[PDB]
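Visitor: One file: input22.cif (mmCIF, N, CA and C atoms).
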```cif
data_start
#
loop_
_atom_site.label_atom_id
_atom_site.label_comp_id
_atom_site.auth_asym_id
_atom_site.auth_seq_id
_atom_site.Cartn_x
_atom_site.Cartn_y
_atom_site.Cartn_z
N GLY A 1 17.61 -86.30 -55.13
CA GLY A 1 17.65 -86.27 -53.67
C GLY A 1 16.64 -85.31 -53.12
N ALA A 2 15.56 -85.84 -52.62
CA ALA A 2 14.48 -85.05 -52.09
C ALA A 2 14.80 -84.60 -50.69
N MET A 3 15.20 -85.54 -49.88
CA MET A 3 15.47 -85.28 -48.49
C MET A 3 16.96 -85.39 -48.24
N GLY A 4 17.70 -84.60 -48.97
CA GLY A 4 19.12 -84.61 -48.87
C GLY A 4 19.76 -84.18 -50.16
N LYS A 5 20.79 -84.90 -50.54
CA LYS A 5 21.62 -84.62 -51.71
C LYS A 5 22.08 -83.14 -51.79
N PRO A 6 23.00 -82.73 -50.91
CA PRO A 6 23.59 -81.41 -50.97
C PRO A 6 24.81 -81.44 -51.89
N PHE A 7 25.63 -80.44 -51.81
CA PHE A 7 26.83 -80.36 -52.55
C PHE A 7 27.86 -81.14 -51.80
N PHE A 8 28.18 -82.27 -52.28
CA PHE A 8 29.11 -83.12 -51.62
C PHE A 8 30.44 -83.03 -52.34
N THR A 9 31.49 -82.70 -51.63
CA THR A 9 32.78 -82.58 -52.26
C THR A 9 33.86 -83.34 -51.49
N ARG A 10 33.40 -84.15 -50.54
CA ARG A 10 34.21 -85.10 -49.74
C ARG A 10 35.42 -84.47 -49.00
N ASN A 11 35.53 -83.18 -49.04
CA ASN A 11 36.58 -82.47 -48.36
C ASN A 11 35.97 -81.30 -47.63
N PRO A 12 36.16 -81.26 -46.31
CA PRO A 12 35.69 -80.17 -45.45
C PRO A 12 36.27 -78.82 -45.85
N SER A 13 37.42 -78.86 -46.44
CA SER A 13 38.12 -77.67 -46.84
C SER A 13 37.57 -77.09 -48.15
N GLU A 14 36.95 -77.95 -48.96
CA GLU A 14 36.43 -77.53 -50.25
C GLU A 14 34.95 -77.16 -50.15
N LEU A 15 34.26 -77.76 -49.20
CA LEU A 15 32.84 -77.52 -49.00
C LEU A 15 32.60 -76.11 -48.44
N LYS A 16 31.40 -75.58 -48.69
CA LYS A 16 31.02 -74.29 -48.23
C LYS A 16 30.40 -74.45 -46.89
N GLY A 17 29.91 -73.40 -46.36
CA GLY A 17 29.29 -73.49 -45.09
C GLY A 17 30.10 -72.85 -43.99
N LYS A 18 29.54 -72.88 -42.85
CA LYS A 18 30.14 -72.52 -41.61
C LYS A 18 30.73 -73.78 -41.09
N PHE A 19 31.92 -73.77 -40.63
CA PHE A 19 32.51 -74.98 -40.07
C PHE A 19 32.93 -74.75 -38.67
N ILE A 20 32.50 -75.60 -37.80
CA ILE A 20 32.80 -75.50 -36.41
C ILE A 20 33.12 -76.86 -35.91
N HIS A 21 34.22 -76.95 -35.28
CA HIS A 21 34.72 -78.18 -34.84
C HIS A 21 34.48 -78.25 -33.35
N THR A 22 33.53 -79.00 -32.96
CA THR A 22 33.20 -79.09 -31.57
C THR A 22 33.24 -80.53 -31.11
N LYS A 23 33.67 -80.69 -29.91
CA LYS A 23 33.77 -81.96 -29.26
C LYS A 23 32.48 -82.28 -28.56
N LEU A 24 31.96 -83.44 -28.87
CA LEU A 24 30.73 -83.89 -28.31
C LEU A 24 31.04 -84.98 -27.35
N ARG A 25 30.74 -84.75 -26.11
CA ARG A 25 30.98 -85.71 -25.11
C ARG A 25 29.96 -86.82 -25.15
N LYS A 26 30.41 -88.00 -25.48
CA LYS A 26 29.63 -89.17 -25.35
C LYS A 26 29.48 -89.42 -23.86
N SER A 27 28.38 -88.99 -23.33
CA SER A 27 28.05 -89.09 -21.92
C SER A 27 27.47 -90.49 -21.65
N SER A 28 26.66 -90.63 -20.61
CA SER A 28 26.01 -91.90 -20.28
C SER A 28 25.13 -92.35 -21.46
N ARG A 29 24.43 -91.40 -22.06
CA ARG A 29 23.63 -91.65 -23.24
C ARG A 29 24.51 -91.60 -24.48
N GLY A 30 25.64 -90.97 -24.32
CA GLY A 30 26.54 -90.82 -25.35
C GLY A 30 26.36 -89.48 -25.96
N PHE A 31 26.05 -89.44 -27.21
CA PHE A 31 25.92 -88.18 -27.87
C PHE A 31 24.49 -87.72 -27.80
N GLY A 32 24.31 -86.43 -27.61
CA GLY A 32 22.99 -85.88 -27.47
C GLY A 32 22.34 -85.54 -28.79
N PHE A 33 23.04 -85.81 -29.88
CA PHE A 33 22.51 -85.55 -31.20
C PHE A 33 22.20 -86.82 -31.95
N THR A 34 21.43 -86.64 -32.97
CA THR A 34 21.05 -87.66 -33.89
C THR A 34 21.47 -87.17 -35.24
N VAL A 35 21.73 -88.06 -36.13
CA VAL A 35 22.11 -87.66 -37.45
C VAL A 35 21.27 -88.31 -38.49
N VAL A 36 21.19 -87.67 -39.60
CA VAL A 36 20.56 -88.17 -40.73
C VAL A 36 21.35 -87.75 -41.94
N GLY A 37 21.29 -88.54 -42.91
CA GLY A 37 21.99 -88.33 -44.09
C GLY A 37 22.93 -89.47 -44.29
N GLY A 38 24.16 -89.18 -44.73
CA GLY A 38 25.20 -90.18 -44.91
C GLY A 38 24.74 -91.30 -45.75
N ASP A 39 23.82 -90.99 -46.62
CA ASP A 39 23.14 -91.98 -47.38
C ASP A 39 24.09 -92.57 -48.30
N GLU A 40 25.06 -91.78 -48.69
CA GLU A 40 26.03 -92.29 -49.60
C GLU A 40 27.28 -91.56 -49.44
N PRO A 41 28.39 -92.11 -49.96
CA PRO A 41 29.67 -91.41 -50.01
C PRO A 41 29.59 -90.25 -51.01
N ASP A 42 28.57 -89.43 -50.78
CA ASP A 42 28.11 -88.39 -51.71
C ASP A 42 26.74 -87.77 -51.20
N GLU A 43 26.26 -88.22 -50.01
CA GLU A 43 25.22 -87.54 -49.24
C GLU A 43 25.71 -87.49 -47.84
N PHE A 44 25.63 -86.22 -47.27
CA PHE A 44 26.23 -85.66 -45.99
C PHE A 44 25.52 -86.07 -44.75
N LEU A 45 26.21 -86.00 -43.58
CA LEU A 45 25.48 -86.22 -42.35
C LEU A 45 25.06 -84.90 -41.88
N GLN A 46 23.91 -84.79 -41.36
CA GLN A 46 23.48 -83.57 -40.74
C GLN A 46 22.77 -83.95 -39.49
N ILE A 47 22.82 -83.09 -38.55
CA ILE A 47 22.21 -83.32 -37.26
C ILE A 47 20.75 -83.32 -37.45
N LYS A 48 20.16 -84.49 -37.32
CA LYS A 48 18.74 -84.68 -37.42
C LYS A 48 18.10 -83.80 -36.37
N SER A 49 18.78 -83.73 -35.19
CA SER A 49 18.45 -82.86 -34.07
C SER A 49 19.12 -83.37 -32.82
N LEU A 50 19.02 -82.61 -31.80
CA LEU A 50 19.68 -82.86 -30.58
C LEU A 50 18.82 -82.53 -29.41
N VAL A 51 19.05 -83.25 -28.38
CA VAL A 51 18.36 -83.11 -27.15
C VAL A 51 18.96 -81.98 -26.43
N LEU A 52 18.08 -81.11 -26.07
CA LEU A 52 18.30 -79.95 -25.32
C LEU A 52 18.82 -80.22 -23.91
N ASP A 53 18.91 -81.45 -23.60
CA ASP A 53 19.41 -81.93 -22.34
C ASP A 53 20.82 -82.42 -22.54
N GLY A 54 21.09 -82.80 -23.76
CA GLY A 54 22.29 -83.44 -24.07
C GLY A 54 23.41 -82.49 -24.36
N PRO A 55 24.63 -83.00 -24.32
CA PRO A 55 25.88 -82.24 -24.49
C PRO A 55 25.87 -81.34 -25.72
N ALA A 56 25.22 -81.79 -26.76
CA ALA A 56 25.17 -81.06 -28.05
C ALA A 56 24.59 -79.63 -27.94
N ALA A 57 23.44 -79.53 -27.26
CA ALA A 57 22.75 -78.27 -27.02
C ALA A 57 23.43 -77.49 -25.91
N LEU A 58 23.95 -78.23 -24.97
CA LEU A 58 24.61 -77.69 -23.80
C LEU A 58 25.91 -77.04 -24.14
N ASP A 59 26.62 -77.70 -25.00
CA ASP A 59 27.86 -77.20 -25.55
C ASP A 59 27.54 -75.98 -26.34
N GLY A 60 26.43 -76.09 -27.00
CA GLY A 60 25.85 -75.01 -27.74
C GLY A 60 26.37 -74.87 -29.14
N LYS A 61 27.47 -75.51 -29.39
CA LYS A 61 28.11 -75.45 -30.64
C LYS A 61 27.46 -76.36 -31.67
N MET A 62 26.65 -77.32 -31.23
CA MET A 62 26.03 -78.18 -32.16
C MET A 62 24.55 -77.82 -32.26
N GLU A 63 24.03 -77.75 -33.48
CA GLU A 63 22.65 -77.37 -33.71
C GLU A 63 22.02 -78.31 -34.77
N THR A 64 20.70 -78.29 -34.85
CA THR A 64 19.92 -79.07 -35.78
C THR A 64 20.26 -78.66 -37.24
N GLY A 65 20.77 -79.57 -38.01
CA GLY A 65 21.02 -79.34 -39.41
C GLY A 65 22.48 -79.13 -39.72
N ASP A 66 23.34 -79.06 -38.69
CA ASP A 66 24.78 -78.98 -38.93
C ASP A 66 25.21 -80.28 -39.63
N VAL A 67 25.86 -80.17 -40.73
CA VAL A 67 26.40 -81.30 -41.42
C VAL A 67 27.68 -81.81 -40.77
N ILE A 68 27.61 -83.03 -40.25
CA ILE A 68 28.78 -83.74 -39.81
C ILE A 68 29.58 -84.05 -41.04
N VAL A 69 30.79 -83.54 -40.95
CA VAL A 69 31.80 -83.58 -41.96
C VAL A 69 32.98 -84.43 -41.50
N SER A 70 33.34 -84.34 -40.25
CA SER A 70 34.49 -85.10 -39.78
C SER A 70 34.41 -85.47 -38.31
N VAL A 71 35.19 -86.46 -37.95
CA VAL A 71 35.27 -86.98 -36.60
C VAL A 71 36.72 -87.30 -36.32
N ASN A 72 37.27 -86.80 -35.21
CA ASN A 72 38.69 -87.07 -34.86
C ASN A 72 39.65 -86.68 -36.00
N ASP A 73 39.26 -85.62 -36.75
CA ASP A 73 40.02 -85.06 -37.91
C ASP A 73 39.96 -86.00 -39.14
N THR A 74 39.25 -87.08 -38.99
CA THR A 74 39.02 -88.03 -40.04
C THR A 74 37.78 -87.60 -40.78
N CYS A 75 37.93 -87.42 -42.06
CA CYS A 75 36.86 -86.99 -42.91
C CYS A 75 35.81 -88.08 -43.00
N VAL A 76 34.73 -87.86 -42.33
CA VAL A 76 33.67 -88.85 -42.26
C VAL A 76 32.43 -88.29 -42.97
N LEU A 77 32.68 -87.26 -43.78
CA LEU A 77 31.70 -86.56 -44.53
C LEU A 77 31.07 -87.58 -45.44
N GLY A 78 29.76 -87.88 -45.19
CA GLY A 78 29.03 -89.02 -45.85
C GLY A 78 29.93 -90.16 -46.19
N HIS A 79 30.78 -90.50 -45.20
CA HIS A 79 31.72 -91.63 -45.22
C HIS A 79 30.88 -92.78 -45.69
N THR A 80 30.00 -93.13 -44.84
CA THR A 80 28.74 -93.73 -45.07
C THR A 80 28.07 -93.57 -43.77
N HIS A 81 26.81 -93.34 -43.73
CA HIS A 81 26.11 -93.34 -42.44
C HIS A 81 26.43 -94.65 -41.65
N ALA A 82 26.64 -95.74 -42.37
CA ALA A 82 27.07 -96.99 -41.76
C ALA A 82 28.43 -96.82 -41.07
N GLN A 83 29.39 -96.21 -41.77
CA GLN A 83 30.71 -95.99 -41.24
C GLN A 83 30.71 -95.05 -40.06
N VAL A 84 29.95 -93.98 -40.17
CA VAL A 84 29.88 -92.99 -39.12
C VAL A 84 29.36 -93.60 -37.82
N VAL A 85 28.32 -94.45 -37.93
CA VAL A 85 27.77 -95.10 -36.77
C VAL A 85 28.80 -96.04 -36.18
N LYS A 86 29.50 -96.75 -37.05
CA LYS A 86 30.58 -97.63 -36.65
C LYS A 86 31.67 -96.86 -35.87
N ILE A 87 32.03 -95.66 -36.31
CA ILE A 87 33.02 -94.83 -35.64
C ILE A 87 32.52 -94.35 -34.26
N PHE A 88 31.27 -94.08 -34.18
CA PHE A 88 30.65 -93.71 -32.91
C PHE A 88 30.52 -94.94 -32.00
N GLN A 89 30.46 -96.11 -32.63
CA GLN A 89 30.51 -97.41 -31.97
C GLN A 89 31.94 -97.72 -31.55
N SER A 90 32.86 -97.10 -32.26
CA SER A 90 34.28 -97.19 -32.01
C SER A 90 34.62 -96.39 -30.76
N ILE A 91 33.83 -95.37 -30.52
CA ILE A 91 33.96 -94.54 -29.39
C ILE A 91 33.07 -95.05 -28.24
N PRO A 92 33.61 -95.12 -27.03
CA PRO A 92 32.93 -95.69 -25.87
C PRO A 92 32.16 -94.65 -25.04
N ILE A 93 31.24 -95.12 -24.21
CA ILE A 93 30.48 -94.26 -23.31
C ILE A 93 31.37 -93.58 -22.33
N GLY A 94 31.17 -92.31 -22.21
CA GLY A 94 32.00 -91.52 -21.33
C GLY A 94 33.14 -90.85 -22.07
N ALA A 95 33.07 -90.86 -23.38
CA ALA A 95 34.13 -90.33 -24.22
C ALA A 95 33.77 -88.95 -24.70
N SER A 96 34.54 -88.40 -25.60
CA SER A 96 34.22 -87.14 -26.22
C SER A 96 34.81 -87.13 -27.59
N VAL A 97 34.29 -86.30 -28.50
CA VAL A 97 34.81 -86.34 -29.85
C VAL A 97 34.82 -85.00 -30.50
N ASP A 98 35.94 -84.58 -30.99
CA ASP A 98 36.00 -83.36 -31.76
C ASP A 98 35.51 -83.66 -33.17
N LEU A 99 34.33 -83.18 -33.43
CA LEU A 99 33.61 -83.37 -34.67
C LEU A 99 33.59 -82.08 -35.48
N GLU A 100 33.65 -82.21 -36.78
CA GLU A 100 33.56 -81.07 -37.68
C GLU A 100 32.12 -80.97 -38.18
N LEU A 101 31.46 -79.89 -37.82
CA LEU A 101 30.10 -79.59 -38.19
C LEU A 101 30.04 -78.39 -39.12
N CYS A 102 29.46 -78.57 -40.24
CA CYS A 102 29.25 -77.50 -41.16
C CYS A 102 27.80 -77.05 -41.06
N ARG A 103 27.56 -75.85 -40.77
CA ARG A 103 26.21 -75.43 -40.63
C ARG A 103 25.87 -74.40 -41.65
N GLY A 104 24.68 -74.46 -42.11
CA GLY A 104 24.23 -73.59 -43.16
C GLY A 104 23.43 -74.35 -44.14
N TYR A 105 23.59 -75.64 -44.13
CA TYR A 105 22.85 -76.48 -45.01
C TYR A 105 21.56 -76.91 -44.34
N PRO A 106 20.44 -76.79 -45.06
CA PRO A 106 19.10 -77.08 -44.53
C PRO A 106 18.95 -78.53 -44.11
N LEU A 107 18.15 -78.73 -43.07
CA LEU A 107 17.83 -80.02 -42.54
C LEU A 107 17.32 -80.96 -43.62
N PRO A 108 17.94 -82.15 -43.73
CA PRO A 108 17.57 -83.17 -44.71
C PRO A 108 16.24 -83.75 -44.38
N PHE A 109 16.08 -84.01 -43.13
CA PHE A 109 14.90 -84.54 -42.61
C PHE A 109 14.64 -83.82 -41.35
N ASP A 110 13.42 -83.57 -41.17
CA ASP A 110 12.96 -82.71 -40.17
C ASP A 110 11.89 -83.35 -39.28
N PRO A 111 12.32 -84.08 -38.26
CA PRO A 111 11.40 -84.72 -37.32
C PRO A 111 11.11 -83.84 -36.09
N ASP A 112 12.16 -83.42 -35.44
CA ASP A 112 12.08 -82.63 -34.22
C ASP A 112 11.94 -81.16 -34.56
N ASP A 113 12.04 -80.88 -35.83
CA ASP A 113 11.81 -79.52 -36.30
C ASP A 113 10.42 -79.45 -36.78
N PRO A 114 9.61 -78.73 -36.05
CA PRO A 114 8.18 -78.64 -36.31
C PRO A 114 7.90 -77.76 -37.51
N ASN A 115 8.69 -76.78 -37.49
CA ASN A 115 8.74 -75.57 -38.19
C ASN A 115 8.72 -75.71 -39.70
N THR A 116 8.82 -76.90 -40.15
CA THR A 116 9.00 -77.13 -41.51
C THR A 116 7.68 -77.35 -42.24
N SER A 117 6.72 -77.86 -41.52
CA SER A 117 5.49 -78.30 -42.08
C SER A 117 4.37 -78.21 -41.08
N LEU A 118 3.27 -78.89 -41.38
CA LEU A 118 2.13 -79.02 -40.48
C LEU A 118 2.59 -79.49 -39.09
N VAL A 119 1.77 -79.21 -38.09
CA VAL A 119 2.06 -79.47 -36.67
C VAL A 119 3.40 -78.87 -36.24
N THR A 120 3.41 -77.57 -36.26
CA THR A 120 4.56 -76.82 -35.94
C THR A 120 4.28 -75.90 -34.76
N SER A 121 5.25 -75.12 -34.43
CA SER A 121 5.18 -74.11 -33.44
C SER A 121 4.03 -73.14 -33.78
N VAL A 122 3.37 -72.62 -32.77
CA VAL A 122 2.22 -71.74 -32.99
C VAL A 122 2.69 -70.29 -33.23
N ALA A 123 3.98 -70.17 -33.40
CA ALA A 123 4.64 -68.92 -33.76
C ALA A 123 5.02 -68.97 -35.21
N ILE A 124 4.60 -70.02 -35.81
CA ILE A 124 4.83 -70.32 -37.20
C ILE A 124 3.48 -70.41 -37.86
N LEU A 125 3.03 -69.31 -38.36
CA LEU A 125 1.76 -69.22 -38.98
C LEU A 125 1.96 -68.73 -40.39
N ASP A 126 1.32 -69.37 -41.32
CA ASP A 126 1.46 -69.02 -42.71
C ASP A 126 0.11 -69.14 -43.36
N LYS A 127 -0.18 -68.21 -44.25
CA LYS A 127 -1.41 -68.18 -45.05
C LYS A 127 -1.57 -69.45 -45.88
N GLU A 128 -0.48 -70.13 -46.13
CA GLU A 128 -0.50 -71.37 -46.85
C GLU A 128 -0.86 -72.46 -45.86
N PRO A 129 -1.77 -73.39 -46.23
CA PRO A 129 -2.21 -74.50 -45.37
C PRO A 129 -1.03 -75.29 -44.78
#
```
Transcribe the structure of this file into structure tokens.

Guide:
Amino acid sequence: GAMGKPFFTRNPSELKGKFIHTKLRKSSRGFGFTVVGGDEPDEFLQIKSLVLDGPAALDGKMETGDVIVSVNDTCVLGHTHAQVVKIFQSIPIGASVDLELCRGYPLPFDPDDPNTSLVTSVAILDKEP
């Protein structure tokens, strides 16, 4: 697992990390975060990133790279990314969801995070190309 494959133990209680259970209001756009991972019932969801406009950043409790572990107290920890999307499809616009986010695990994929590689923040300077 190059872009993922963390320690998957299918139980939020057994996994390490910081765990914060925050409700994300599915607003008009729905959720202000994106996820990546959930590749398998053994690869985790993590917040690909979130819109600084959206409830995720606004709530403040959700950040880029937090591993989605659960939804509605239902362990959706790499349920399957297919299943997780289905559950969010299960949830309607204008809703909200108490989600379990584990933070501490590095971003699986880093699109909105500049900071990881080339074309990054200009406050991110390294002697390495």

Visitor: Please tell me which residues are no farther than 7 Å from (29.5, -84.7, -37.9) in the file, counting only C-alpha atoms, and write them as a list in words.

Guide: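 Applying the cut-off with only C-alpha atoms, one gets residues 45, 46, 67, 68, 69, 70, 71, 99, 100 and 101 of chain A.
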
Visitor: Those residues you just picked out, can you put them in a file as a JSON list (two decimals), in the frame of the given file with N, CA and C atoms?

Guide:
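Final output, saved to part_34.json:
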```json
[["chain", "number", "residue", "atom", "x", "y", "z"],
["A", 45, "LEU", "N", 26.21, -86.00, -43.58],
["A", 45, "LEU", "CA", 25.48, -86.22, -42.35],
["A", 45, "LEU", "C", 25.06, -84.90, -41.88],
["A", 46, "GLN", "N", 23.91, -84.79, -41.36],
["A", 46, "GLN", "CA", 23.48, -83.57, -40.74],
["A", 46, "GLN", "C", 22.77, -83.95, -39.49],
["A", 67, "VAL", "N", 25.86, -80.17, -40.73],
["A", 67, "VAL", "CA", 26.40, -81.30, -41.42],
["A", 67, "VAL", "C", 27.68, -81.81, -40.77],
["A", 68, "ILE", "N", 27.61, -83.03, -40.25],
["A", 68, "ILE", "CA", 28.78, -83.74, -39.81],
["A", 68, "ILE", "C", 29.58, -84.05, -41.04],
["A", 69, "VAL", "N", 30.79, -83.54, -40.95],
["A", 69, "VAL", "CA", 31.80, -83.58, -41.96],
["A", 69, "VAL", "C", 32.98, -84.43, -41.50],
["A", 70, "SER", "N", 33.34, -84.34, -40.25],
["A", 70, "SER", "CA", 34.49, -85.10, -39.78],
["A", 70, "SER", "C", 34.41, -85.47, -38.31],
["A", 71, "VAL", "N", 35.19, -86.46, -37.95],
["A", 71, "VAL", "CA", 35.27, -86.98, -36.60],
["A", 71, "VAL", "C", 36.72, -87.30, -36.32],
["A", 99, "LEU", "N", 34.33, -83.18, -33.43],
["A", 99, "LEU", "CA", 33.61, -83.37, -34.67],
["A", 99, "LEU", "C", 33.59, -82.08, -35.48],
["A", 100, "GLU", "N", 33.65, -82.21, -36.78],
["A", 100, "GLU", "CA", 33.56, -81.07, -37.68],
["A", 100, "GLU", "C", 32.12, -80.97, -38.18],
["A", 101, "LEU", "N", 31.46, -79.89, -37.82],
["A", 101, "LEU", "CA", 30.10, -79.59, -38.19],
["A", 101, "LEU", "C", 30.04, -78.39, -39.12]]
```

Visitor: Which distance in Å separates CA of residue 24 (chain A) and CA of residue 109 (chain A), to one decimal?

Guide: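 Pair CA of residue 24 (chain A) / CA of residue 109 (chain A) returns 21.3 Å.
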
Visitor: To one decimal place in Å, what is the distance between atom C of residue 79 (chain A) and atom N of residue 51 (chain A)?

Guide: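 Atom-to-atom, atom C of residue 79 (chain A) to atom N of residue 51 (chain A), that is 23.0 Å.
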
Visitor: Please return as a VMD selection string: the residues of region 58-115 of chain A that backbone DSSP assigns to alpha helix (DSSP H).

Guide: chain A and resid 58 to 59 81 to 90

Visitor: If we count only C-alpha atoms, what is near residue 65 (chain A) at a cut-off of 8 Å, once residues fewer than 2 positions away on the same chain are taken out, given as a list in words?

Guide: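 The filter keeps residues 46, 47, 48, 49, 63, 67, 103, 104, 105, 106, 107 and 108 of chain A.
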
Visitor: With N, CA and C atoms retained, could you export that selection as a PDB file, in the frame of the given file?

Guide:
```
ATOM      1  N   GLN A  46      23.910 -84.790 -41.360  1.00  0.00           N
ATOM      2  CA  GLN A  46      23.480 -83.570 -40.740  1.00  0.00           C
ATOM      3  C   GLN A  46      22.770 -83.950 -39.490  1.00  0.00           C
ATOM      4  N   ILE A  47      22.820 -83.090 -38.550  1.00  0.00           N
ATOM      5  CA  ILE A  47      22.210 -83.320 -37.260  1.00  0.00           C
ATOM      6  C   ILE A  47      20.750 -83.320 -37.450  1.00  0.00           C
ATOM      7  N   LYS A  48      20.160 -84.490 -37.320  1.00  0.00           N
ATOM      8  CA  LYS A  48      18.740 -84.680 -37.420  1.00  0.00           C
ATOM      9  C   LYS A  48      18.100 -83.800 -36.370  1.00  0.00           C
ATOM     10  N   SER A  49      18.780 -83.730 -35.190  1.00  0.00           N
ATOM     11  CA  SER A  49      18.450 -82.860 -34.070  1.00  0.00           C
ATOM     12  C   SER A  49      19.120 -83.370 -32.820  1.00  0.00           C
ATOM     13  N   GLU A  63      24.030 -77.750 -33.480  1.00  0.00           N
ATOM     14  CA  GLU A  63      22.650 -77.370 -33.710  1.00  0.00           C
ATOM     15  C   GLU A  63      22.020 -78.310 -34.770  1.00  0.00           C
ATOM     16  N   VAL A  67      25.860 -80.170 -40.730  1.00  0.00           N
ATOM     17  CA  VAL A  67      26.400 -81.300 -41.420  1.00  0.00           C
ATOM     18  C   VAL A  67      27.680 -81.810 -40.770  1.00  0.00           C
ATOM     19  N   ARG A 103      27.560 -75.850 -40.770  1.00  0.00           N
ATOM     20  CA  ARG A 103      26.210 -75.430 -40.630  1.00  0.00           C
ATOM     21  C   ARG A 103      25.870 -74.400 -41.650  1.00  0.00           C
ATOM     22  N   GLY A 104      24.680 -74.460 -42.110  1.00  0.00           N
ATOM     23  CA  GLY A 104      24.230 -73.590 -43.160  1.00  0.00           C
ATOM     24  C   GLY A 104      23.430 -74.350 -44.140  1.00  0.00           C
ATOM     25  N   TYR A 105      23.590 -75.640 -44.130  1.00  0.00           N
ATOM     26  CA  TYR A 105      22.850 -76.480 -45.010  1.00  0.00           C
ATOM     27  C   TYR A 105      21.560 -76.910 -44.340  1.00  0.00           C
ATOM     28  N   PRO A 106      20.440 -76.790 -45.060  1.00  0.00           N
ATOM     29  CA  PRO A 106      19.100 -77.080 -44.530  1.00  0.00           C
ATOM     30  C   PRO A 106      18.950 -78.530 -44.110  1.00  0.00           C
ATOM     31  N   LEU A 107      18.150 -78.730 -43.070  1.00  0.00           N
ATOM     32  CA  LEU A 107      17.830 -80.020 -42.540  1.00  0.00           C
ATOM     33  C   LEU A 107      17.320 -80.960 -43.620  1.00  0.00           C
ATOM     34  N   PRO A 108      17.940 -82.150 -43.730  1.00  0.00           N
ATOM     35  CA  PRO A 108      17.570 -83.170 -44.710  1.00  0.00           C
ATOM     36  C   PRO A 108      16.240 -83.750 -44.380  1.00  0.00           C
TER      37      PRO A 108
END
```

Visitor: So, counting all atoms listed in the file, which residue among A:95, A:77, A:5, A:52 is closest to residue 30 (chain A)?

Guide: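 Of A:95, A:77, A:5, A:52, the one nearest residue 30 (chain A), counting all atoms listed in the file, is A:95.
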
Visitor: Name the residues captured by the PyMOL selection byres (((chain A and resi 27 and name CA) around 8) and name CA) when it is applied to the shown file; answer as a PyMOL selection string.

Guide: chain A and resi 25-26+28-31+55+93-96

Visitor: Residues picked by the PyMOL selection byres ((chain A and resi 39) around 8) here, as a PyMOL selection string?

Guide: chain A and resi 5+36-38+40-45+78-82
